[PDB]
Structures are given as structure tokens and as C-alpha cells.
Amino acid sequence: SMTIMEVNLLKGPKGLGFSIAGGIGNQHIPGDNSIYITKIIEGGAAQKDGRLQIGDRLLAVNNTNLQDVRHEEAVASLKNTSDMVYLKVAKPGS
């Protein structure tokens, strides 16, 4: 089974503060189109909160499922969010 966590972040003065890779046409692992968190930016909301980690797979932002999307669409979904943002992640499985 998947180890799933839900994290609600307030963007704040420095924003959510994490980078993502992966996506359709931009695979992080061969055969895997998942979106992966690759950096936690110093000073951002993700760092302050502490729950998100490099290596997490970003499953959804609010009501938008990101399990099989283009990287550009995943980035857009993160930017199309208001001050409180629901993030659902899978922790490393393997």
C-alpha cells in the first residue's frame, strides 16, 4: 500500500517553497510519470512546516489529481492555488 500524507500549507511571504520534477514527457524514473519533490527551498512554507520531504510523490493539489499529468500542468496546479493549499503526497515506497 501507499504511505499517504496530507499537508495543508499557507503560502506566506516566501511561498510554498518546493521544486518538482517528473511528469509525462519528463520522467523521474523510467516508466514513471509521477511528480516528485526534488528541493525544499530555504525560508518557504514547506520547510517551516517540515512534513514534506525530498523524494515525496505529489499525488494531488486541492481537487486536482497529478498522478498522470505533464510537468507544466503540475506546476500550473501549484501556482493556481490561493493562500491555504492542500497537498497530498506518497512517501517513498521502495
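Residues carry their position along the shown sequence, with the first being 1.
For the set 59, 45, 29, 52, the PDB entry assigns the largest Cα B-factor to 29.
When the modelled residues of the chain are ordered by their C-alpha B factor, residue 40 lands in the highest third. Annotation for residue 74: C-alpha temperature factor in the lowest third relative to the rest of the modelled chain, per the entry. Among the modelled residues of the chain, residue 10 sits in the middle third by CA temperature factor in this PDB entry. Compared with the other modelled residues of the chain, the Cα B-factor recorded for residue 65 ranks in the middle third.
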